Amino acid sequence: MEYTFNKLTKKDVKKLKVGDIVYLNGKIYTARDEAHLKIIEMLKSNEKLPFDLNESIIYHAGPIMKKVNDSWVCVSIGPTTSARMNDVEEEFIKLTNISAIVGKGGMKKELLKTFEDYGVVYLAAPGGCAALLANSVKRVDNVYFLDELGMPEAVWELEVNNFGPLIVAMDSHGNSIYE
Ligand SMILES: [Cl-]
């Protein structure tokens, strides 16, 4: 079943089941392992993040960006292997209240309980076309932690247009296409 979403609400998330095809418009943030770890440590220390992850969408990706004028343009942004985040995704979800995760390869079955309890959906993005997916990036709003983490590990805030097809690979109802 196919959908296109602007703001992915919790109701939207509950409507989704594995096998569904999804296109995304609007705001997503990149977050790989090091950024997960940093964000977790900050929130554990009761620090504020310089961005709002509440009911947000994160993207397991290591983008390359370039400056055109005084503004960021996306060169490449494919999904990276989501299992790198298996040790931390549960805590990350509980501390941030994100609504969706976009990546590749899927994540451990043990997170199904968290996805179900918190209302999160895991979406598989196309692999092998990092440069092509950059075209779905309509605007690079912001980067955080660039100096500490470096470009692809930094948290990039993005506006994406018709980003997909993303396939619902793990839903909020106990299903995983990988099992
Ligand atoms: Cl990673």
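Residues numbered from 1 in each chain as written, not as in the entry; some residues may be left out. Heavy atoms only, no water. Residues with missing side-chain atoms left out of burial classes, pairs and counts.

The PDB entry lists the protein chain under the name Putative L(+)-tartrate dehydratase subunit beta, with Methanocaldococcus jannaschii DSM 2661 given as the organism. Here is the UniProt Catalytic activity comment for the protein chain, exactly as written: "(2R,3R)-tartrate = oxaloacetate + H2O". In UniProt, the protein chain has this text filed under Subunit: "Heterotetramer of two alpha and two beta subunits." (UniProt positions renumbered as here; feature names shortened; annotations may be inferred.)

Enquirer: What am I meant to see in the UniProt feature "binding site: substrate" in the protein chain here?
Expert: According to UniProt, the feature "binding site: substrate" maps to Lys-104 in the numbering used here. Exposure remark for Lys-104: the relative accessible area of 31% places this residue in the partly exposed category. Excluding residues that lie within four positions of it along the chain, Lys-104 makes contacts with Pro-79, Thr-80, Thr-81, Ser-82, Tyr-122 and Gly-127. For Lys-104, the side chain forms a polar contact with the side chain of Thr-81, separated by 3.4 Å. (Buried < 20%, exposed > 50% of the residue type's maximum accessible area, 1.4 Å probe, protein only. Contact = heavy atoms within 4.5 Å. Polar contact = N/O pair within 3.5 Å; in protein donor to acceptor, adjacent residues only side chain to side chain.)

Enquirer: I tried to follow the UniProt feature "active site" in the protein chain on my own but got confused; where do I start?
Expert: As recorded in UniProt, the feature "active site" lies at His-36. Along the polypeptide, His-36 turns up in helix α2 (residues 33-44). Given the relative accessible area of 0%, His-36 is considered buried. Setting aside residues up to four positions removed in sequence, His-36 forms contacts with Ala-31, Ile-58, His-60, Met-85, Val-88, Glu-89 and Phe-92. (Helix = DSSP H or I, 4+ residues; strand = E, 2+ residues; numbered from the N terminus.)

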